[PDB]
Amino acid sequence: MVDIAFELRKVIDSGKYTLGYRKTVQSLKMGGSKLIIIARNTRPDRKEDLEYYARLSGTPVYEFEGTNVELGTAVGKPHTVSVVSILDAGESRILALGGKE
């Protein structure tokens, strides 16, 4: 099984990513995202926007089961994180989270 938080740490190490609503939306409009990972309790309007832009751009979405609190801890930040945008998977298996085509 992929350990999500452990694969996030591998992305942080060897891949490329960005965090939060504004930068994630940019990454989708500009086509740099490979996958977005959305916190379960992301503010609904922002969540809807993220899902909308992911669909629009054909970028896969994984729904993180935990909170924005837990997602921040996963990525080594002291603050909540609503969404992680994977720009490059590096040596991780993070893209497996994208699920079925």
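Numbers for residues come from their place in the sequence shown, where the first is 1.
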Give the stretch, out of 28-36 and 68-76, with the larger mean C-alpha temperature factor in the deposited entry. 28-36
Hey, which bit's got the bigger mean C-alpha B factor in the entry, 59-67 or 46-54? 59-67
Is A89 in the lowest, middle or highest third of its chain when residues are ranked by C-alpha B-factor? middle
What third of the chain does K23 rank in for C-alpha temperature factor, lowest, middle or highest? middle
